[PDB]
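work-v4.csv follows; it contains CSV, N, CA and C atoms and all ligand atoms.
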chain,number,residue,atom,x,y,z
A,1,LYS,N,4.7,-16.9,-9.1
A,1,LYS,CA,6.2,-16.8,-8.9
A,1,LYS,C,6.3,-15.8,-7.7
A,2,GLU,N,5.6,-14.6,-8.0
A,2,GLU,CA,5.6,-13.6,-6.8
A,2,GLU,C,4.4,-14.0,-6.1
A,3,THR,N,4.5,-14.2,-4.8
A,3,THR,CA,3.3,-14.6,-4.0
A,3,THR,C,2.5,-13.2,-3.7
A,4,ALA,N,1.3,-13.4,-3.3
A,4,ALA,CA,0.4,-12.3,-2.9
A,4,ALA,C,1.1,-11.5,-1.8
A,5,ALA,N,1.7,-12.3,-0.9
A,5,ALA,CA,2.4,-11.6,0.3
A,5,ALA,C,3.6,-10.7,-0.2
A,6,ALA,N,4.4,-11.2,-1.1
A,6,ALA,CA,5.5,-10.5,-1.6
A,6,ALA,C,5.1,-9.3,-2.5
A,7,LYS,N,4.0,-9.4,-3.2
A,7,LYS,CA,3.5,-8.3,-4.0
A,7,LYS,C,3.0,-7.2,-3.0
A,8,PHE,N,2.4,-7.6,-1.9
A,8,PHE,CA,2.0,-6.6,-0.9
A,8,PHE,C,3.1,-5.8,-0.4
A,9,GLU,N,4.3,-6.4,-0.1
A,9,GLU,CA,5.5,-5.7,0.3
A,9,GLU,C,6.1,-4.9,-0.8
A,10,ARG,N,6.1,-5.3,-2.0
A,10,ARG,CA,6.6,-4.5,-3.1
A,10,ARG,C,5.7,-3.3,-3.4
A,11,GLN,N,4.4,-3.5,-3.4
A,11,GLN,CA,3.5,-2.3,-3.7
A,11,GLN,C,3.2,-1.3,-2.6
A,12,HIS,N,3.2,-1.7,-1.3
A,12,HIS,CA,2.9,-0.9,-0.2
A,12,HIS,C,3.9,-0.7,0.9
A,13,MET,N,4.9,-1.4,1.1
A,13,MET,CA,5.9,-1.2,2.2
A,13,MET,C,7.1,-0.3,1.9
A,14,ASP,N,7.3,0.6,2.8
A,14,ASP,CA,8.4,1.5,2.8
A,14,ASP,C,8.9,1.8,4.2
A,15,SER,N,9.6,0.9,4.8
A,15,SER,CA,10.1,1.0,6.1
A,15,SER,C,11.4,1.9,6.2
A,16,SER,N,11.9,2.3,5.0
A,16,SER,CA,13.1,3.1,5.0
A,16,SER,C,13.0,4.5,5.4
A,17,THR,N,11.8,5.0,5.5
A,17,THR,CA,11.6,6.4,5.8
A,17,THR,C,10.4,6.5,6.8
A,18,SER,N,10.3,7.6,7.5
A,18,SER,CA,9.2,7.8,8.5
A,18,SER,C,8.0,8.4,7.8
A,19,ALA,N,8.2,9.1,6.7
A,19,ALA,CA,7.2,9.8,5.8
A,19,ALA,C,7.8,10.1,4.5
A,20,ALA,N,7.0,10.5,3.5
A,20,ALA,CA,7.5,10.8,2.2
A,20,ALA,C,8.5,12.1,2.3
A,21,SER,N,9.6,11.9,1.7
A,21,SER,CA,10.6,13.0,1.6
A,21,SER,C,10.3,14.2,0.8
A,22,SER,N,9.9,14.0,-0.4
A,22,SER,CA,9.6,15.2,-1.3
A,22,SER,C,8.3,14.9,-2.1
A,23,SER,N,7.9,16.0,-2.9
A,23,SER,CA,6.8,15.9,-3.7
A,23,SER,C,7.0,14.9,-4.8
A,24,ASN,N,8.3,14.5,-5.0
A,24,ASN,CA,8.6,13.5,-6.1
A,24,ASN,C,8.6,12.1,-5.5
A,25,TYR,N,8.4,11.8,-4.3
A,25,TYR,CA,8.4,10.5,-3.7
A,25,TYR,C,7.6,9.5,-4.4
A,26,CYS,N,6.3,9.7,-4.7
A,26,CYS,CA,5.4,8.8,-5.4
A,26,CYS,C,6.0,8.5,-6.8
A,27,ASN,N,6.4,9.6,-7.5
A,27,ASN,CA,7.0,9.4,-8.9
A,27,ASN,C,8.2,8.4,-8.8
A,28,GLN,N,9.1,8.6,-7.9
A,28,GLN,CA,10.3,7.7,-7.7
A,28,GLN,C,9.9,6.3,-7.3
A,29,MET,N,9.0,6.2,-6.4
A,29,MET,CA,8.6,4.9,-5.8
A,29,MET,C,7.8,4.1,-6.7
A,30,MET,N,6.9,4.7,-7.4
A,30,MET,CA,6.0,4.0,-8.4
A,30,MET,C,6.9,3.3,-9.4
A,31,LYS,N,7.9,4.0,-9.9
A,31,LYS,CA,8.8,3.6,-10.9
A,31,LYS,C,9.8,2.6,-10.4
A,32,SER,N,10.5,2.8,-9.3
A,32,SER,CA,11.4,1.8,-8.8
A,32,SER,C,10.9,0.5,-8.3
A,33,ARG,N,9.6,0.5,-7.9
A,33,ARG,CA,9.0,-0.8,-7.5
A,33,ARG,C,8.3,-1.5,-8.6
A,34,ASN,N,8.5,-1.0,-9.8
A,34,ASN,CA,7.9,-1.4,-11.1
A,34,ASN,C,6.4,-1.5,-11.0
A,35,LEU,N,5.8,-0.5,-10.4
A,35,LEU,CA,4.3,-0.6,-10.3
A,35,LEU,C,3.6,0.1,-11.5
A,36,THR,N,4.4,0.6,-12.4
A,36,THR,CA,3.8,1.2,-13.6
A,36,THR,C,4.3,0.6,-14.9
A,37,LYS,N,4.7,-0.6,-14.8
A,37,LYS,CA,5.1,-1.4,-16.0
A,37,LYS,C,3.9,-1.7,-17.0
A,38,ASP,N,2.8,-2.1,-16.4
A,38,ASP,CA,1.6,-2.5,-17.2
A,38,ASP,C,0.7,-1.4,-17.5
A,39,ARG,N,0.6,-0.4,-16.6
A,39,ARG,CA,-0.4,0.7,-16.7
A,39,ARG,C,-0.1,1.6,-15.6
A,40,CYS,N,-0.7,2.8,-15.6
A,40,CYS,CA,-0.5,3.7,-14.4
A,40,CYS,C,-1.6,3.3,-13.4
A,41,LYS,N,-1.2,2.8,-12.2
A,41,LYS,CA,-2.3,2.6,-11.2
A,41,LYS,C,-2.8,4.0,-10.8
A,42,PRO,N,-4.0,4.2,-10.7
A,42,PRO,CA,-4.7,5.4,-10.4
A,42,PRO,C,-4.3,5.9,-9.0
A,43,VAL,N,-4.3,5.0,-8.0
A,43,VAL,CA,-3.9,5.4,-6.6
A,43,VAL,C,-2.9,4.3,-6.1
A,44,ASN,N,-2.2,4.7,-5.1
A,44,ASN,CA,-1.4,3.6,-4.4
A,44,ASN,C,-1.1,4.2,-3.0
A,45,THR,N,-0.9,3.3,-2.0
A,45,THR,CA,-0.6,3.8,-0.6
A,45,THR,C,0.8,3.1,-0.2
A,46,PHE,N,1.6,3.9,0.4
A,46,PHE,CA,2.9,3.3,0.9
A,46,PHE,C,2.8,3.4,2.4
A,47,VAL,N,3.2,2.5,3.1
A,47,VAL,CA,3.2,2.4,4.6
A,47,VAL,C,4.6,2.5,5.1
A,48,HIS,N,4.8,3.5,6.0
A,48,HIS,CA,6.1,3.8,6.6
A,48,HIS,C,6.2,3.3,8.0
A,49,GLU,N,6.1,2.0,8.1
A,49,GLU,CA,6.1,1.3,9.4
A,49,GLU,C,7.0,0.0,9.2
A,50,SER,N,7.4,-0.6,10.3
A,50,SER,CA,8.3,-1.8,10.1
A,50,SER,C,7.4,-2.9,9.6
A,51,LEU,N,8.0,-3.9,8.9
A,51,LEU,CA,7.3,-5.0,8.4
A,51,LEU,C,6.5,-5.8,9.5
A,52,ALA,N,7.2,-6.0,10.7
A,52,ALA,CA,6.6,-6.6,11.8
A,52,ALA,C,5.3,-5.9,12.3
A,53,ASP,N,5.3,-4.6,12.3
A,53,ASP,CA,4.1,-3.9,12.8
A,53,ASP,C,2.9,-4.0,11.8
A,54,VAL,N,3.2,-4.1,10.6
A,54,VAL,CA,2.2,-4.3,9.5
A,54,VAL,C,1.7,-5.7,9.5
A,55,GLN,N,2.5,-6.7,9.6
A,55,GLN,CA,2.2,-8.1,9.7
A,55,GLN,C,1.3,-8.3,10.9
A,56,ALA,N,1.5,-7.6,12.0
A,56,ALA,CA,0.8,-7.7,13.3
A,56,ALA,C,-0.7,-7.3,13.1
A,57,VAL,N,-0.9,-6.5,12.1
A,57,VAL,CA,-2.3,-6.0,11.8
A,57,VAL,C,-3.2,-7.2,11.6
A,58,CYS,N,-2.8,-8.3,11.1
A,58,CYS,CA,-3.5,-9.6,10.9
A,58,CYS,C,-4.0,-10.2,12.3
A,59,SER,N,-3.6,-9.7,13.4
A,59,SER,CA,-4.1,-10.1,14.7
A,59,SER,C,-4.8,-9.0,15.4
A,60,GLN,N,-5.2,-7.9,14.7
A,60,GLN,CA,-5.8,-6.7,15.3
A,60,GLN,C,-7.2,-6.7,15.2
A,61,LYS,N,-7.8,-5.6,14.8
A,61,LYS,CA,-9.3,-5.4,14.8
A,61,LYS,C,-9.9,-6.0,13.5
A,62,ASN,N,-10.7,-7.0,13.7
A,62,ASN,CA,-11.3,-7.7,12.5
A,62,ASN,C,-12.5,-6.8,12.0
A,63,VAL,N,-12.5,-6.5,10.8
A,63,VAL,CA,-13.6,-5.7,10.1
A,63,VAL,C,-14.0,-6.4,8.8
A,64,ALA,N,-15.1,-6.0,8.2
A,64,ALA,CA,-15.5,-6.4,6.9
A,64,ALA,C,-14.7,-5.8,5.8
A,65,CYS,N,-14.3,-6.6,4.8
A,65,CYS,CA,-13.6,-6.1,3.6
A,65,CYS,C,-14.6,-5.5,2.7
A,66,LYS,N,-14.2,-4.6,1.8
A,66,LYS,CA,-15.1,-4.0,0.8
A,66,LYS,C,-15.9,-5.1,0.0
A,67,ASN,N,-15.3,-6.2,-0.3
A,67,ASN,CA,-15.9,-7.3,-1.1
A,67,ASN,C,-16.9,-8.1,-0.2
A,68,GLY,N,-17.0,-7.8,1.1
A,68,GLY,CA,-17.9,-8.5,2.0
A,68,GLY,C,-17.3,-9.7,2.7
A,69,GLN,N,-16.1,-10.1,2.5
A,69,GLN,CA,-15.4,-11.1,3.2
A,69,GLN,C,-15.0,-10.6,4.6
A,70,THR,N,-14.6,-11.6,5.4
A,70,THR,CA,-14.3,-11.2,6.8
A,70,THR,C,-12.9,-11.5,7.3
A,71,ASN,N,-12.0,-11.5,6.3
A,71,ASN,CA,-10.5,-11.6,6.6
A,71,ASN,C,-9.8,-10.3,6.6
A,72,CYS,N,-10.5,-9.2,6.9
A,72,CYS,CA,-9.9,-7.8,6.8
A,72,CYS,C,-9.6,-7.4,8.3
A,73,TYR,N,-8.6,-6.6,8.6
A,73,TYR,CA,-8.2,-6.2,9.9
A,73,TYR,C,-7.8,-4.8,9.8
A,74,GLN,N,-8.2,-4.0,10.7
A,74,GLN,CA,-7.8,-2.6,10.8
A,74,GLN,C,-6.8,-2.4,11.9
A,75,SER,N,-5.8,-1.6,11.6
A,75,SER,CA,-4.7,-1.4,12.6
A,75,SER,C,-5.3,-0.7,13.9
A,76,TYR,N,-4.9,-1.1,15.1
A,76,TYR,CA,-5.4,-0.5,16.3
A,76,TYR,C,-4.9,1.0,16.3
A,77,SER,N,-3.7,1.2,15.9
A,77,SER,CA,-3.2,2.6,15.9
A,77,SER,C,-3.2,3.1,14.4
A,78,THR,N,-3.0,4.5,14.4
A,78,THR,CA,-2.8,5.1,13.0
A,78,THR,C,-1.3,4.8,12.7
A,79,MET,N,-1.1,4.8,11.4
A,79,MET,CA,0.2,4.5,10.8
A,79,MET,C,0.6,5.6,9.9
A,80,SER,N,1.9,5.8,9.7
A,80,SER,CA,2.4,6.9,8.8
A,80,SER,C,2.2,6.3,7.4
A,81,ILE,N,1.5,7.0,6.5
A,81,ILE,CA,1.3,6.5,5.1
A,81,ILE,C,1.5,7.6,4.1
A,82,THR,N,1.7,7.2,2.8
A,82,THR,CA,1.9,8.2,1.8
A,82,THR,C,0.8,7.8,0.7
A,83,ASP,N,0.0,8.8,0.4
A,83,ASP,CA,-1.0,8.7,-0.6
A,83,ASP,C,-0.4,9.1,-2.0
A,84,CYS,N,-0.6,8.3,-3.0
A,84,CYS,CA,0.0,8.6,-4.4
A,84,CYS,C,-1.3,8.6,-5.3
A,85,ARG,N,-1.5,9.8,-5.9
A,85,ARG,CA,-2.8,9.7,-6.8
A,85,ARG,C,-2.3,10.3,-8.2
A,86,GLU,N,-2.8,9.8,-9.3
A,86,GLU,CA,-2.3,10.2,-10.6
A,86,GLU,C,-2.7,11.7,-10.8
A,87,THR,N,-1.9,12.5,-11.4
A,87,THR,CA,-2.2,13.9,-11.6
A,87,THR,C,-3.0,14.0,-12.9
A,88,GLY,N,-3.3,15.2,-13.3
A,88,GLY,CA,-4.1,15.4,-14.5
A,88,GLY,C,-3.2,15.3,-15.8
A,89,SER,N,-1.9,15.2,-15.5
A,89,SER,CA,-0.9,15.2,-16.6
A,89,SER,C,-0.3,13.9,-16.9
A,90,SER,N,-0.9,12.8,-16.4
A,90,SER,CA,-0.4,11.4,-16.5
A,90,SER,C,-0.9,10.7,-17.6
A,91,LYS,N,-0.1,10.1,-18.5
A,91,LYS,CA,-0.5,9.3,-19.6
A,91,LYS,C,0.6,8.2,-19.7
A,92,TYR,N,0.2,6.9,-19.6
A,92,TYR,CA,1.2,5.8,-19.7
A,92,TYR,C,1.9,5.9,-21.1
A,93,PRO,N,3.2,5.5,-21.1
A,93,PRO,CA,4.0,5.2,-20.0
A,93,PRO,C,4.5,6.3,-19.1
A,94,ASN,N,4.1,7.6,-19.3
A,94,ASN,CA,4.6,8.6,-18.5
A,94,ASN,C,3.7,8.9,-17.3
A,95,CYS,N,3.6,7.9,-16.5
A,95,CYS,CA,2.6,8.1,-15.3
A,95,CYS,C,3.2,9.2,-14.4
A,96,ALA,N,2.3,9.9,-13.7
A,96,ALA,CA,2.7,11.0,-12.8
A,96,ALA,C,1.8,11.0,-11.6
A,97,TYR,N,2.5,11.3,-10.4
A,97,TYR,CA,1.7,11.2,-9.2
A,97,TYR,C,1.9,12.4,-8.3
A,98,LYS,N,0.8,12.7,-7.5
A,98,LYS,CA,0.8,13.7,-6.5
A,98,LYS,C,1.1,12.9,-5.2
A,99,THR,N,2.1,13.4,-4.4
A,99,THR,CA,2.5,12.8,-3.1
A,99,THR,C,1.8,13.5,-2.0
A,100,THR,N,1.1,12.8,-1.1
A,100,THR,CA,0.5,13.4,0.1
A,100,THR,C,0.8,12.6,1.3
A,101,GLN,N,1.2,13.3,2.4
A,101,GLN,CA,1.6,12.6,3.7
A,101,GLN,C,0.3,12.5,4.5
A,102,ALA,N,0.1,11.3,5.2
A,102,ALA,CA,-1.0,11.1,6.0
A,102,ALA,C,-0.7,10.2,7.2
A,103,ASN,N,-1.6,10.1,8.2
A,103,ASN,CA,-1.5,9.2,9.3
A,103,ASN,C,-2.9,8.7,9.5
A,104,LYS,N,-3.1,7.4,9.2
A,104,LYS,CA,-4.5,6.9,9.2
A,104,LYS,C,-4.4,5.4,9.7
A,105,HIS,N,-5.5,4.8,10.0
A,105,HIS,CA,-5.6,3.4,10.3
A,105,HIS,C,-5.5,2.7,9.0
A,106,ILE,N,-5.0,1.5,8.9
A,106,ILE,CA,-4.9,0.8,7.5
A,106,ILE,C,-5.8,-0.4,7.7
A,107,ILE,N,-6.5,-0.9,6.7
A,107,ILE,CA,-7.3,-2.1,6.7
A,107,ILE,C,-6.6,-3.0,5.6
A,108,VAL,N,-6.2,-4.2,6.0
A,108,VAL,CA,-5.6,-5.1,5.0
A,108,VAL,C,-6.4,-6.4,5.1
A,109,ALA,N,-6.3,-7.2,4.0
A,109,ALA,CA,-7.0,-8.6,4.0
A,109,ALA,C,-5.8,-9.5,4.3
A,110,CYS,N,-6.0,-10.5,5.1
A,110,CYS,CA,-4.9,-11.4,5.4
A,110,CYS,C,-5.2,-12.8,5.0
A,111,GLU,N,-4.2,-13.6,4.7
A,111,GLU,CA,-4.4,-15.0,4.3
A,111,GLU,C,-3.0,-15.8,4.4
A,112,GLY,N,-3.3,-17.0,4.5
A,112,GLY,CA,-2.3,-18.1,4.6
A,112,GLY,C,-1.8,-18.5,6.0
A,113,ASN,N,-0.8,-19.3,6.0
A,113,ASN,CA,-0.1,-19.8,7.2
A,113,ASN,C,1.4,-19.8,6.9
A,114,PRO,N,2.1,-18.8,7.3
A,114,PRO,CA,1.8,-17.7,8.2
A,114,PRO,C,0.7,-16.7,7.7
A,115,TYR,N,-0.1,-16.2,8.6
A,115,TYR,CA,-1.2,-15.3,8.2
A,115,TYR,C,-0.7,-13.9,8.0
A,116,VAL,N,-0.6,-13.5,6.8
A,116,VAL,CA,0.0,-12.2,6.5
A,116,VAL,C,-0.9,-11.4,5.6
A,117,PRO,N,-0.5,-10.1,5.5
A,117,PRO,CA,-1.3,-9.2,4.6
A,117,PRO,C,-1.0,-9.5,3.1
A,118,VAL,N,-2.1,-9.5,2.3
A,118,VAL,CA,-2.1,-9.8,0.9
A,118,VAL,C,-2.7,-8.7,0.0
A,119,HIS,N,-3.4,-7.8,0.7
A,119,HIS,CA,-4.2,-6.8,-0.1
A,119,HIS,C,-4.4,-5.6,0.8
A,120,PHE,N,-4.2,-4.4,0.2
A,120,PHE,CA,-4.5,-3.2,1.0
A,120,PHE,C,-6.0,-2.8,0.7
A,121,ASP,N,-6.9,-2.9,1.7
A,121,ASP,CA,-8.3,-2.6,1.4
A,121,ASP,C,-8.7,-1.2,1.4
A,122,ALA,N,-8.2,-0.5,2.4
A,122,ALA,CA,-8.6,1.0,2.6
A,122,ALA,C,-7.7,1.5,3.7
A,123,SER,N,-7.8,2.9,3.8
A,123,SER,CA,-7.2,3.6,4.9
A,123,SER,C,-8.3,4.4,5.6
A,124,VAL,N,-8.4,4.6,6.9
A,124,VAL,CA,-9.4,5.2,7.6
A,124,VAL,C,-8.9,6.2,8.6
A,201,LIG,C1,0.4,-5.8,-9.5
A,201,LIG,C2,0.2,-4.4,-9.4
A,201,LIG,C3,-0.7,-3.7,-10.2
A,201,LIG,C4,-1.5,-4.4,-11.1
A,201,LIG,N1,-2.4,-3.7,-11.9
A,201,LIG,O1,-3.1,-4.4,-12.8
A,201,LIG,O2,-2.6,-2.4,-11.8
A,201,LIG,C5,-1.4,-5.8,-11.2
A,201,LIG,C6,-0.5,-6.5,-10.4
A,201,LIG,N2,-0.4,-7.9,-10.5
A,201,LIG,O3,0.4,-8.6,-9.8
A,201,LIG,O4,-1.2,-8.5,-11.4
Show this structure as structure tokens.
Amino acid sequence: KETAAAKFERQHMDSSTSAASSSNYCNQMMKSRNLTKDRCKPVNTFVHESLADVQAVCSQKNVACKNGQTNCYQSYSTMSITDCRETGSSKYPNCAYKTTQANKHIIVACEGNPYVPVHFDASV
């Protein structure tokens, strides 16, 4: 029902800001995107770039994915990202996150026609 593409946008895209606003950013975002309904994801990354710049990653630098496949692409530039990692005080359903601001290259796996991002592989 929710495509892999759509799930990518829900889990990782945040074009509404240039960077995380407060230390509570990950707590608010994890909750509002419903990323903590099933369990507390241990880590998550949000990307603060336009959808078009992120989709364009699929025509950028081709690299190997962690699983060894070859449909992974690294952004030519660094992108503004927010790192969310569970704190020592997190127990489902009361997940808790540390928000960290970063600027790094993103690596995503792409698939389909249109060829779009479906999985966030790593940040470099
Ligand atoms: C989406 C986001 C997180 C998880 N999870 O298992 O942590 C699963 C899904 N999903 O669409 O299955």
ask   = Which of these, A:25, A:46, A:120, A:76, has the shortest distance to residue 13 (chain A) once you count all atoms listed in the file?
value =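 Smallest separation from residue 13 (chain A) among the options: A:46.
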ask   = Which residue, A:78, A:113, A:101, A:94, has the smallest gap to residue 19 (chain A) when you use only C-alpha atoms?
value = A:101
Which residues of chain A come within 7 Å of ligand LIG 201 (chain A), and what is each one's closest atom pair and distance in Å (one decimal), counting only C-alpha atoms and all ligand atoms, sorted by chain and residue number, as CSV?
residue,atom,partner,partner_atom,distance
A:7,CA,A:LIG201,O3,6.6
A:11,CA,A:LIG201,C2,6.9
A:35,CA,A:LIG201,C2,5.7
A:38,CA,A:LIG201,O1,6.7
A:39,CA,A:LIG201,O2,6.2
A:40,CA,A:LIG201,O2,7.0
A:41,CA,A:LIG201,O2,5.0
query = Between CA of residue 60 (chain A) and atom C of residue 45 (chain A), what is the spacing in Å?
reply =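 Computed distance, atom C of residue 45 (chain A) to CA of residue 60 (chain A), equals 19.5 Å.
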query = Quick one: of A:59, A:67, A:123, A:18, who's nearest to residue 80 (chain A), counting only N, CA and C atoms?
reply =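 Checking each candidate against residue 80 (chain A), we get A:18 as the closest.
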query = So what do you get for atom C of residue 118 (chain A) versus atom N of residue 4 (chain A), distance-wise?
reply =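 Going from atom C of residue 118 (chain A) over to atom N of residue 4 (chain A) covers 7.0 Å.
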